[PDB]
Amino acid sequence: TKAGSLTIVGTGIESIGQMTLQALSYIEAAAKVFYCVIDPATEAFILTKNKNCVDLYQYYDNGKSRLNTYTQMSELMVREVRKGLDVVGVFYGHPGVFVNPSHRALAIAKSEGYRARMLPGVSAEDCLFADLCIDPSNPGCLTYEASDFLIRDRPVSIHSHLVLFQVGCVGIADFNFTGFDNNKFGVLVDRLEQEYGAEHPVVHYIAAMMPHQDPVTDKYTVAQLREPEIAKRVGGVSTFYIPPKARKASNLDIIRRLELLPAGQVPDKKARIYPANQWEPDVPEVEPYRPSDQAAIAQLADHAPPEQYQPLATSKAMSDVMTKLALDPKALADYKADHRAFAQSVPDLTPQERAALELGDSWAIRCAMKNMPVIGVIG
């Protein structure tokens, strides 16, 4: 085994609360930490959990290309990996969603034979779905970088959700500590008018960064984005959400191939899943209590568990070790190095529990933890 590793983790968007349990445990275990976050409470919190940190944010500067900064950020991390150290990089949100230097550093580490992994986090788009009360499933979601959207003439879909990141720095390749002069913003507004029309809604979204703050969820017309006092509200942490303009027709040939309806029958056009998208222009709210809904609610009074339902029935020893593998990176490493020896080290496991842990297979652990007489489709 070659010494040295790079694990890159996120902190989420809202200070501290949106960090994952595994991001925290890897930060605490690291030999060195490199971080890039944009609120002071999160920075202070990281500095309590590890005493060998470097702030990557100081490698930005007024008038400096962001590409130069990114090469510097990545080289600082890989230099320490090359000394045989367990290094952790930290980026706000999800560390691989609209983040350049993380992909670069991990690809270099991997090419040179070091252990390299990214742990996912909660992005600004994850926050958007939660705060605007939409699901990417209905009716699909397109996500772009705003400048790229324009330069490569990326296609819109007026029947699906559209999300645009980096709307506060259209055509801007450098940095300033105070803020951007977003004077090419009109080029974006022109594209939106062309595709959606002057009166279609655009939602200006800023997720709350502090736990007591409310999110910004302000609706404007495409035309209203040319007013100055409205335009200056769009900054470095602004994202746009553009809702669908219309509903796309169903394909009858596909409906028959999928056997969803027989030949001769057409879908119910006036049918929608509750609730309606609140941001769409002139769309009425759907009824939550149709007769079929009301009948399902009646069945609750009766209801008991089905015969094939598998209730949880585990032990303290088993639950404890499974929790430990998720929260203690050193215990995980030991388990992976030798399943059998780790399994024999754990007190109080039953023969079936010890064997299931010895194997490590998903089927085995489920048999050991559930009363028997992988399907999670909630979509």
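Residues carry their position along the shown sequence, with the first being 1.
With 298-306 and 71-79 compared on mean CA B-factor from the PDB entry, the stretch scoring higher is 298-306.
Per the PDB record, of the two stretches 124-132 and 261-269, 261-269 carries the greater mean B-factor over its C-alpha atoms. Annotation for 39, 320, 338, 55: 338 ranks highest, by Cα B-factor.
Across the residues 277, 143, 292, 217, the deposited record lists the maximum Cα B factor for 292.
Among the modelled residues of its chain, residue 228 has a C-alpha B-factor that falls in the highest third according to the deposited record. For residue 1, the recorded CA temperature factor ranks within the highest third of the chain's modelled residues. Per-chain ranking of the deposited C-alpha B factor places residue 101 in the lowest third. Remark: residue 180 belongs to the highest third of its chain, ranked by C-alpha B-factor as recorded. For residue 139, the recorded CA temperature factor ranks within the lowest third of the chain's modelled residues.
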